[PDB]
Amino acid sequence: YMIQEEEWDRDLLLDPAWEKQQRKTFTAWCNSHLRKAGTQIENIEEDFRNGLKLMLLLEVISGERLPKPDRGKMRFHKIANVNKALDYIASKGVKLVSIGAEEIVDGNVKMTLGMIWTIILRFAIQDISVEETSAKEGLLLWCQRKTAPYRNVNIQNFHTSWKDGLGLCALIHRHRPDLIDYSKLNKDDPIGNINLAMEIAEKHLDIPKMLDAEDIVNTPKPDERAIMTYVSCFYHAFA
(Lines of atoms letter the chains of each structure in order from A and count residues from 1; the text may use other names and numbers.)
(Lines give C-alpha, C1' and ligand atoms only; values in the text may rest on other atoms or scores of the structure.)
Protein backbone atom coordinates (compact mmCIF):
# COMPACT_ATOMS: atom_id res chain seq x y z
CA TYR A 1 0.00 0.00 0.00
CA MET A 2 1.15 3.51 -0.87
CA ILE A 3 3.72 5.76 0.88
CA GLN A 4 1.48 8.71 -0.13
CA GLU A 5 -1.37 7.54 2.18
CA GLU A 6 1.07 6.87 5.07
CA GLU A 7 2.56 10.36 4.81
CA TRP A 8 -0.91 11.98 4.79
CA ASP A 9 -1.93 9.81 7.78
CA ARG A 10 0.96 11.36 9.73
CA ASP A 11 -0.15 14.78 8.50
CA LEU A 12 -3.44 14.35 10.42
CA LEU A 13 -1.38 14.71 13.65
CA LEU A 14 -1.22 18.45 12.90
CA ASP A 15 -4.40 20.15 14.11
CA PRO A 16 -5.62 23.02 11.92
CA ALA A 17 -4.82 26.42 13.47
CA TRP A 18 -8.40 27.04 14.62
CA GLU A 19 -8.36 23.79 16.71
CA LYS A 20 -4.94 24.47 18.24
CA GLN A 21 -6.19 27.84 19.33
CA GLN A 22 -9.63 26.75 20.62
CA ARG A 23 -8.04 23.73 22.29
CA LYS A 24 -5.45 25.78 24.11
CA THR A 25 -7.79 28.60 25.09
CA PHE A 26 -10.93 26.61 26.02
CA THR A 27 -8.76 24.15 28.07
CA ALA A 28 -7.11 26.91 30.07
CA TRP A 29 -10.54 28.65 30.49
CA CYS A 30 -12.13 25.44 31.80
CA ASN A 31 -9.13 24.97 34.14
CA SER A 32 -9.27 28.50 35.56
CA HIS A 33 -12.74 27.50 36.83
CA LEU A 34 -12.25 23.82 37.70
CA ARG A 35 -9.36 24.78 40.04
CA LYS A 36 -11.98 26.11 42.50
CA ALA A 37 -13.28 22.54 42.52
CA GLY A 38 -9.77 21.12 43.19
CA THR A 39 -9.29 19.46 39.78
CA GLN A 40 -7.93 20.11 36.29
CA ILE A 41 -8.28 18.66 32.80
CA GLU A 42 -5.31 18.01 30.48
CA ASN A 43 -6.84 17.05 27.15
CA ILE A 44 -10.14 18.71 26.20
CA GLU A 45 -10.91 16.09 23.53
CA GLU A 46 -10.73 13.27 26.05
CA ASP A 47 -11.55 14.51 29.57
CA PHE A 48 -15.24 15.51 29.12
CA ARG A 49 -16.29 12.18 27.49
CA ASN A 50 -17.60 10.69 30.75
CA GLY A 51 -19.55 13.85 31.66
CA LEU A 52 -18.16 14.13 35.19
CA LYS A 53 -15.80 17.12 35.02
CA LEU A 54 -18.30 18.75 32.61
CA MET A 55 -21.03 18.63 35.29
CA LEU A 56 -18.54 20.00 37.83
CA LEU A 57 -17.49 22.86 35.53
CA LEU A 58 -21.20 23.79 35.16
CA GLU A 59 -21.65 23.80 38.96
CA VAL A 60 -18.52 25.90 39.60
CA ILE A 61 -19.43 28.63 37.08
CA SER A 62 -23.23 28.69 37.73
CA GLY A 63 -23.03 28.29 41.51
CA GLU A 64 -25.97 25.79 41.31
CA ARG A 65 -26.03 22.08 41.99
CA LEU A 66 -26.69 19.73 39.09
CA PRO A 67 -28.44 16.36 39.75
CA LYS A 68 -26.24 13.52 41.03
CA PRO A 69 -23.83 11.93 38.44
CA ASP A 70 -24.26 8.29 37.28
CA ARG A 71 -21.51 6.12 38.77
CA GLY A 72 -20.24 3.26 36.61
CA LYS A 73 -17.88 2.82 33.66
CA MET A 74 -20.66 1.52 31.42
CA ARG A 75 -21.00 3.70 28.31
CA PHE A 76 -24.67 4.50 29.02
CA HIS A 77 -23.64 6.13 32.32
CA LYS A 78 -21.31 8.48 30.40
CA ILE A 79 -24.17 9.23 27.98
CA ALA A 80 -26.52 9.93 30.98
CA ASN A 81 -23.98 12.29 32.58
CA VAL A 82 -23.35 14.31 29.42
CA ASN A 83 -27.18 14.44 28.88
CA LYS A 84 -27.47 16.00 32.37
CA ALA A 85 -24.80 18.58 31.54
CA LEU A 86 -26.58 19.42 28.23
CA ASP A 87 -30.06 19.49 29.77
CA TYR A 88 -28.74 21.95 32.39
CA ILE A 89 -27.24 24.26 29.65
CA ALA A 90 -30.55 24.12 27.71
CA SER A 91 -32.46 25.08 30.85
CA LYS A 92 -30.26 28.16 31.19
CA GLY A 93 -31.27 29.50 27.76
CA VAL A 94 -28.84 27.91 25.32
CA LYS A 95 -30.51 26.44 22.23
CA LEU A 96 -28.03 23.71 21.17
CA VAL A 97 -27.74 22.89 17.43
CA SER A 98 -25.75 19.91 16.03
CA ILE A 99 -24.63 18.83 19.55
CA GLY A 100 -25.63 15.55 21.23
CA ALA A 101 -24.40 13.35 24.10
CA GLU A 102 -23.49 10.45 21.84
CA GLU A 103 -20.90 12.31 19.77
CA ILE A 104 -19.49 14.02 22.88
CA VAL A 105 -18.95 10.62 24.55
CA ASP A 106 -17.28 9.52 21.24
CA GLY A 107 -14.75 12.36 21.38
CA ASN A 108 -16.13 14.35 18.36
CA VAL A 109 -13.68 17.28 18.21
CA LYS A 110 -15.77 19.95 16.48
CA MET A 111 -18.77 19.05 18.57
CA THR A 112 -16.90 19.06 21.89
CA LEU A 113 -15.25 22.40 21.10
CA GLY A 114 -18.70 23.76 20.00
CA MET A 115 -20.27 22.69 23.27
CA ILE A 116 -17.58 24.32 25.44
CA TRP A 117 -17.90 27.55 23.39
CA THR A 118 -21.70 27.54 24.06
CA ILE A 119 -20.80 27.36 27.77
CA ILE A 120 -18.21 30.10 27.65
CA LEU A 121 -20.60 32.30 25.66
CA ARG A 122 -23.52 31.69 28.07
CA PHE A 123 -21.73 32.13 31.44
CA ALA A 124 -18.95 34.63 30.63
CA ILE A 125 -20.09 36.80 27.71
CA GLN A 126 -23.93 36.60 27.37
CA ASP A 127 -24.72 38.89 30.27
CA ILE A 128 -22.12 41.56 29.37
CA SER A 129 -23.96 44.84 28.66
CA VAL A 130 -22.44 48.25 27.78
CA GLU A 131 -24.46 51.16 26.29
CA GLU A 132 -27.54 49.00 25.52
CA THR A 133 -25.39 46.48 23.64
CA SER A 134 -25.23 42.86 24.94
CA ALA A 135 -23.02 39.72 24.62
CA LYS A 136 -20.41 39.61 21.77
CA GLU A 137 -21.30 43.07 20.43
CA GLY A 138 -21.28 44.54 23.95
CA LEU A 139 -17.86 43.03 24.77
CA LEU A 140 -16.57 44.51 21.46
CA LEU A 141 -17.92 48.04 22.20
CA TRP A 142 -16.33 47.76 25.62
CA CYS A 143 -12.93 47.00 24.06
CA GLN A 144 -13.41 49.93 21.63
CA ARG A 145 -14.12 52.40 24.46
CA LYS A 146 -11.19 51.23 26.57
CA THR A 147 -8.75 51.32 23.62
CA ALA A 148 -10.01 54.54 21.94
CA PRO A 149 -7.20 56.68 23.40
CA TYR A 150 -4.56 54.38 21.90
CA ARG A 151 -3.75 55.59 18.42
CA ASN A 152 -1.77 52.47 17.41
CA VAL A 153 -4.88 50.24 18.14
CA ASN A 154 -8.09 49.86 16.12
CA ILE A 155 -10.41 47.26 17.62
CA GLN A 156 -12.92 46.44 14.82
CA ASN A 157 -13.36 42.73 15.47
CA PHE A 158 -12.30 39.76 17.64
CA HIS A 159 -9.59 38.45 15.32
CA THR A 160 -7.27 40.48 12.99
CA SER A 161 -7.60 43.58 15.26
CA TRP A 162 -5.83 41.58 17.97
CA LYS A 163 -2.88 40.09 15.95
CA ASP A 164 -0.17 42.59 16.81
CA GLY A 165 -0.84 42.26 20.57
CA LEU A 166 -1.24 46.00 21.20
CA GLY A 167 -5.00 45.75 21.85
CA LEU A 168 -4.27 43.44 24.83
CA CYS A 169 -1.55 45.70 26.24
CA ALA A 170 -3.80 48.78 25.95
CA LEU A 171 -6.65 47.11 27.84
CA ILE A 172 -4.17 46.52 30.66
CA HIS A 173 -2.52 49.94 30.44
CA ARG A 174 -5.85 51.79 30.56
CA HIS A 175 -6.98 49.99 33.70
CA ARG A 176 -3.47 49.63 35.20
CA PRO A 177 -0.86 52.02 33.74
CA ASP A 178 1.51 51.10 36.62
CA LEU A 179 1.70 47.54 35.24
CA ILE A 180 2.85 48.36 31.73
CA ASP A 181 5.08 50.85 29.91
CA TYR A 182 2.84 51.12 26.84
CA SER A 183 4.77 53.82 25.08
CA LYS A 184 7.77 51.50 24.51
CA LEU A 185 5.65 48.90 22.61
CA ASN A 186 5.25 48.72 18.79
CA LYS A 187 3.76 46.65 15.97
CA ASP A 188 7.02 44.89 14.95
CA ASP A 189 7.10 42.51 17.95
CA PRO A 190 3.58 41.00 17.97
CA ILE A 191 4.67 37.75 19.62
CA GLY A 192 6.41 39.69 22.40
CA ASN A 193 3.41 42.01 22.87
CA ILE A 194 1.02 39.09 23.27
CA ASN A 195 3.28 37.07 25.65
CA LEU A 196 3.98 40.23 27.68
CA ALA A 197 0.28 41.01 28.25
CA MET A 198 -0.39 37.38 29.07
CA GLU A 199 2.53 37.38 31.59
CA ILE A 200 1.30 40.60 33.22
CA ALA A 201 -2.33 39.32 33.28
CA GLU A 202 -1.19 36.06 34.91
CA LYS A 203 0.99 37.64 37.59
CA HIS A 204 -1.31 40.47 38.60
CA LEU A 205 -4.89 39.68 37.54
CA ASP A 206 -4.97 35.87 38.12
CA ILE A 207 -5.84 35.20 34.46
CA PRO A 208 -4.03 32.14 33.03
CA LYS A 209 -2.06 32.36 29.78
CA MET A 210 -4.84 31.15 27.47
CA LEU A 211 -3.86 32.30 24.01
CA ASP A 212 -2.03 30.41 21.32
CA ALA A 213 0.33 33.28 20.47
CA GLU A 214 2.32 31.80 17.62
CA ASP A 215 -0.91 30.93 15.76
CA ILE A 216 -2.54 34.31 16.37
CA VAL A 217 0.40 36.12 14.79
CA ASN A 218 0.87 33.65 11.97
CA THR A 219 -2.66 32.72 11.05
CA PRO A 220 -4.35 35.05 8.51
CA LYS A 221 -7.46 35.30 10.72
CA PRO A 222 -7.08 34.22 14.38
CA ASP A 223 -9.86 32.25 16.03
CA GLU A 224 -12.35 34.77 17.41
CA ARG A 225 -13.96 32.36 19.86
CA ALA A 226 -10.57 31.89 21.46
CA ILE A 227 -9.86 35.65 21.54
CA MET A 228 -13.37 36.45 22.99
CA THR A 229 -12.81 33.84 25.70
CA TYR A 230 -9.56 35.51 26.77
CA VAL A 231 -10.75 39.13 26.52
CA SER A 232 -13.94 38.17 28.44
CA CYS A 233 -11.60 37.49 31.45
CA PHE A 234 -10.18 41.02 31.24
CA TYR A 235 -13.71 42.44 31.35
CA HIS A 236 -14.67 40.47 34.41
CA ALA A 237 -11.32 41.32 36.07
CA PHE A 238 -11.66 45.05 35.44
CA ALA A 239 -15.42 45.62 35.97
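One rule holds for the numbers: they count along the sequence shown, beginning at 1.
The deposited model assigns a higher average Cα B-factor to 75-83 than to the other stretch when 116-124 and 75-83 are compared. On average the C-alpha atoms of 92-100 have higher B-factors than those of the other stretch, with 92-100 and 135-143 being the two compared. Across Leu205, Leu196, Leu171, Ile61, the greatest Cα temperature factor reported in the deposited entry is at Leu205. The deposited CA B-factor of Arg10 belongs to the highest third of values across its chain. Ranked within its chain, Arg35 lands in the middle third, by CA B factor from the PDB record. Per-chain ranking of the deposited C-alpha B factor places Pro16 in the highest third.
In this PDB entry, the Cα temperature factor of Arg151 sits in the top third of its chain's modelled residues, the highest group. Ranked by Cα temperature factor within the chain, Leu54 sits in the lowest third according to the deposited record.
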